[PDB]
Amino acid sequence: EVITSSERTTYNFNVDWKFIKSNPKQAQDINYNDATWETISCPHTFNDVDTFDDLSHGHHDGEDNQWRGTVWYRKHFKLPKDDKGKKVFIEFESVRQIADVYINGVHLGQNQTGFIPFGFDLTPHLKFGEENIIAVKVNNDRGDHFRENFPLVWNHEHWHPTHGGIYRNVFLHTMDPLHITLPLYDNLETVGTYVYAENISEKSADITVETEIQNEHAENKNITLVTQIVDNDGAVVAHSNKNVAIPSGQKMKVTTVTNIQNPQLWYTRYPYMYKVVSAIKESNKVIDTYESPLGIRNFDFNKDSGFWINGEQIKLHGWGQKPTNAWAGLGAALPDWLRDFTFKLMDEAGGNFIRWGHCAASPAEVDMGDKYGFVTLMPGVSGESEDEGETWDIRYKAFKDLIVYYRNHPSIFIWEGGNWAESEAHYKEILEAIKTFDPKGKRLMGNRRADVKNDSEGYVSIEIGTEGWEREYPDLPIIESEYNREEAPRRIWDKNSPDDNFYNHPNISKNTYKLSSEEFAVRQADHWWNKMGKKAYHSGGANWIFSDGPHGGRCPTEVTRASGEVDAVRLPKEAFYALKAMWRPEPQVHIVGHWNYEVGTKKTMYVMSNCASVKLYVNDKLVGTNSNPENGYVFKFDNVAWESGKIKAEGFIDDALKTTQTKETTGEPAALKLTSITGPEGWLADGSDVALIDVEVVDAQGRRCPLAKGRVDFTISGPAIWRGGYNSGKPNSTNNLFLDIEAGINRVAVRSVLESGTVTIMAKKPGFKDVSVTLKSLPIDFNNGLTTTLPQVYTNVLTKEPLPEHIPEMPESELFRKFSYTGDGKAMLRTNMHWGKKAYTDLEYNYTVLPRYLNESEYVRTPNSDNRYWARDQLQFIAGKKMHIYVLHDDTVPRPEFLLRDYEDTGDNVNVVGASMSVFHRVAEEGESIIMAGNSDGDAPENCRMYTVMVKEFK
Ligand SMILES: [Br-]
Ligand SMILES: [Mg+2]
């Protein structure tokens with residue numbers, strides 16, 4: 001009963017391209033000789049070999065020591081002379097950053113979005129029955145300074161590592177001249193289908209589908225449009241038909257309304273997915289088919305009680321992940337199944353929310369949101385700025401392309417209008433774009449840092465919060481977009497374990513964060529509980545960064561911003577199991593760390609648990625019972641005496657045993673262990689599929705040694721391309737046929753080639769027997785440059801999960817408008833400045849002598865601990881009245897850019913216990929947006945003073 005076959009064929013266009021990392025003249029020409037170019041397959045990036053190999057700069061400056069410029073791709077392919085009268089479209093999921101596409105030497109156009117799909121009609125230039133050639137000229141250049149990088153201001157490693165090339169999938173679509181259109185607004189100006197659900201209950205739901213159809217034949221067509229609703233088992237549950245005439249050359253939208261009896265609704269704990277099959281028929285003959293996703297759900301982001309879905313209230317907890325999503329050794333060009341692997345890990349740790357930061361996810365990643373039940377906050381392209389001119393035009397156009405592409409996915413609940421407040425006129429345009437292309441989705445709209453412009457009031461539909469600060473729009477629901485900025489490397493367990501190039505790292509004193517995995521894990525509850533978890537009005541939100549990546553960070557001991565709860569090769573940190581124990585709905589306990597300590601060790605043991613009480617045992621001797629968890633989920637046990645053997649925690653709800661975890665002391669190292677991980681279809685010989693290999697050091701019992709480290713050397717043979725892994729704490733650790741073990745394990749990637757065959761990887765380590773794994777890359781159905789086999793992903797992932805069995809108990813200035821501070825320390829607003837008042841929140845230093853104009857001013861007691869911290873939005877407020885702004889800045893600190901841009905030097909100084917602070921003066925009008933960043937732009941003296949702010953009404 002399900003309509004399957006038609007004139008439409010979707011080809012995978014990833015396999016077998018020619019590539020060159022340069023800009024040769026006439027590279028788009030039909031008869032350009034590309035024989036010496038490199039044979040690759042998409043997804044592909046030429047920055048896989050020169051990223052994750054530079055130690056972080058800190059100061060939120062991302063990795064810039066990588067190749068940037070103009071490169072070229074060329075692909076040969078032949079369509080059957082059979083298809084001689086078919087439309088042919090090419091679709092690019094994304095190209096980074098500027099793409100120019102050519103077909104047989106004819107330029108089709110450019111796309112500068114870097115992260116949004118686009119496509120072109122090849123038909124007028126195709127030679128059927130002959131070889132055709134696509135050429136893609138790609139540029140990934142960007143201006144050095146993230147504030148002077150126009151127009152593509154989102155294109156900067158500050159937020160988005162500039163990994164260039166065709167880093168997502170490419171498809172070829174062939175179809176009848178009479179066809180449903182493709183949702184690639186750039187540059188086809190078509191929108192495909194629009195699916196929305198109304199009058200939803202458990203009993204009934206009405207699905208409206210508007211199908212845009214185009215008749216590119218020279219004669220009118222009388223057609224029947226069929227809308228089929230297909231459930232999770234592939235059964236047709238309901239259908240609708242409409243008989244319409246499409247005049248020759250015309251586009252029209254055909255609407256159907258189809259009722260579903262007893263719909264399976266879409267929940268975060270049961271993301272039931274329907275599919276809509278749209279078919280064009282010409283009397284029993286099927287001309288075209290197109291499939292659209294369908295998840296049926298009612299929802300409410302409520303200002304008082306958080307988020308509801310289908311009448312159940314659900315706390316949202318998940319991650320903010322970079323769209324680059326890069327994998328060490330591979331860059332941003334993840335095969336879809338590695339994107340699925342990343343997503344399955346978020347799902348494993350209880351995620352039900354995702355924000356892409358700060359450009360759109362790939363298409364398959366929105367499919368993964370759909371099938372794992374992730375409420376999604378989706379941006380188009382953005383950096384961190386109110387934009388204008390051409391920057392706004394390109395970004396706004398990308399926003400339309402984005403809605404046209406993604407509007408039918410049920411995982412999307414909020415359109416992120418931007419990663420900064422915007423002008424009133426631009427808010428109008430944002431709502432007008434949603435009204436044009438998504439009038440019926442009931443999605444909300446917000447911008448992060450909307451609170452820094454009065455423009456946002458009355459336009460944003462949901463407060464997009466930062467770092468769990470107090471709500472600034474109590475009329476609205478609130479969702480957290482980026483909380484917990486901390487970093488910590490996977491390889492450091494705790495201060496009771498031997499150091500692994502961290503506490504003694506040459507760069508350790510430049511780190512903002514010097515946390516072990518245990519501290520990083522345990523504090524996950526501090527951050528979550530106090531910023532979202534304990535607030536019944538708070539919908540929840542996104543933990544900043546899921547996987548380590550070389551975007552801007554604060555720890556030059558690492559080659560990434562180490563803020564993920566898994567590392568850049570998706571090895572989980574203890575913090576991953578902390579969040580998993582807090583956020584999963586079933587009862588959980590997780591003992592933080594390991595059980596290989598020295599004889600006589602005494603340490604605090606942390607159990608993370610969503611249970612009500614936890615019991616702790618050392619070799620079956622009960623050492624404690626805790627019914628008073630800290631921050632909802634931390635059951636700690638002080639001064640536990642280590643004993644070789646076994647440590648076991650028990651989790652209880654209502655004094656009934658729910659779950660148990662045991663960790664064991666490992667024995668001495670005894671062998672290397674190699675374990676392979678491939679995609680669900682196996683390792684495919686397509687030139688880009690990846691096989692992962694876990695290399696471990698194990699004891700005689702086969703348990704991973706948590707303290708093992710040291711260099712392993714590798715050899716590879718067979719048709720494959722070694723891509724290595726990384727060591728977070730070391731430069732130039734990528735590519736090499738050797739790698740250090742960290743806490744007993746590391747992970748390398750092997751990429752296939754077009755030739756299928758047997759591939760052998762051997763690992764060696766002094767003192768161990770050699771070990772090996774044998775892989776087989778499997779042949780794919782490939783011919784004339786084309787395959788109908790789509791990129792492999794995990795299928796049939798639908799299961800039902802229960803609601804949590806236990807949730808921890810929850811508790812009971814006219815000038816500094818919308819003040820907020822995002823440094824690690826605490827700021828404090830205070831009034832009536834004069835001699836004797838404290839200058840900082842974390843010191844007892846007082847102001848003594850003051851220039852006359854400073855007295856009676858309102859002031860911000862800043863935390864001196866943030867004296868070398870940097871954040872774009874460190875300190876902000878809207879000027880409540882016309883006022884004087886004074887910034888006291890340590891003379892020993894290089895003046896930061898925001899100070900020199902908008903503040904003049906007074907000549908006067910204010911001495912505060914030996915430190916001379918120059919006053920900088922600024923007059924602000926009422927409503928002016930006052931944004932302050934780090935004390936210094938780069939390095940500074942370790943013992944310098946954090947700056948302070950003073951404010952007085954103009955009068
Ligand atoms: Br990244
Ligand atoms: Mg994180």
Side-chain angles (χ1 to χ4, degrees), residues 43 45 47-48 50-54 56 60-64 66 94 96 114-115 140 154-164 167-168 317-334 338-339 342 345-346 349-351 353-359 361-362 365 467-468 480-490 513 515 517 519-528 531-532 541-555 558-570 572-580 582-583 726 728 734:
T45 182
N47 290 124
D48 60 342
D50 57 353
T51 55
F52 295 86
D53 54 356
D54 306 279
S56 294
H60 210 303
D61 298 320
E63 169 175 44
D64 59 348
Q66 59 147 90
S94 289
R96 187 86 191 276
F115 301 84
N140 70 331
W154 55 101
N155 174 45
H156 206 287
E157 68 269 11
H158 190 106
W159 320 270
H160 311 126
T162 56
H163 301 179
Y167 69 106
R168 291 167 178 171
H317 34 57
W319 289 270
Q321 182 79 334
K322 259 71 184 48
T324 43
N325 200 9
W327 194 299
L330 310 175
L334 269 61
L338 287 197
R339 305 186 187 276
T342 306
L345 283 164
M346 289 183 288
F353 182 84
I354 188 151
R355 168 192 193 224
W356 291 95
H358 309 290
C359 306
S362 82
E365 277 156 349
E467 283 277 52
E480 172 57 43
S481 51
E482 33 176 89
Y483 88 90
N484 192 357
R485 287 167 182 195
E486 299 181 352
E487 311 177 41
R490 178 174 73 71
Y513 306 111
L515 314 161
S517 296
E519 289 162 296
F520 186 51
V522 168
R523 293 164 71 78
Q524 297 291 343
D526 198 344
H527 280 282
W528 164 256
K531 295 162 171 190
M532 276 83 43
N543 181 302
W544 200 222
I545 310 314
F546 184 64
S547 59
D548 293 348
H551 39 90
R554 303 171 165 98
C555 295
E558 314 309 302
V559 303
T560 66
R561 193 209 163 129
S563 285
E565 286 71 49
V566 309
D567 72 10
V569 298
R570 275 59 166 175
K573 300 155 169 194
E574 282 301 277
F576 170 90
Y577 297 105
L579 289 177
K580 173 169 180 181
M582 301 150 53
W583 285 354
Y726 85 132
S728 188
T734 63

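Counting convention: from 1, in listed order, for ligands and their atoms alike. Count residues from 1 along the sequence. All values below come from the heavy atoms of this structure, side chains included, with hydrogens, waters and symmetry mates left out.
Taking the Mg ion (ligand 2) as the apex, the angle formed with O of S563 and O of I545 is 90°, to the nearest 10 degrees.
Within the 4.5 Å cutoff, no side-chain heavy atoms of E558 are placed close to those of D548.
Here the closest non-hydrogen pair linking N484 and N543 is ND2-ND2, 4.1 Å.
Metal site remark for the Mg ion (ligand 2): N543 contributes an N, O or S atom at a distance under 2.8 Å. One of the N, O or S atoms belonging to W544 lies under 2.8 Å away from the Mg ion (ligand 2). At least one N, O or S atom of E565, from either the backbone or the side chain, sits less than 2.8 Å from the Mg ion (ligand 2).
In this view, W319 and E565 satisfy the side-chain hydrogen bond (donor to acceptor under 3.5 Å, both in side chains) rule, not counting sequence neighbours. Every residue meeting the ring-ring contact (aromatic ring centres under 6.0 Å, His included) condition with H317, not counting sequence neighbours, appears here in chain and number order: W528, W583.
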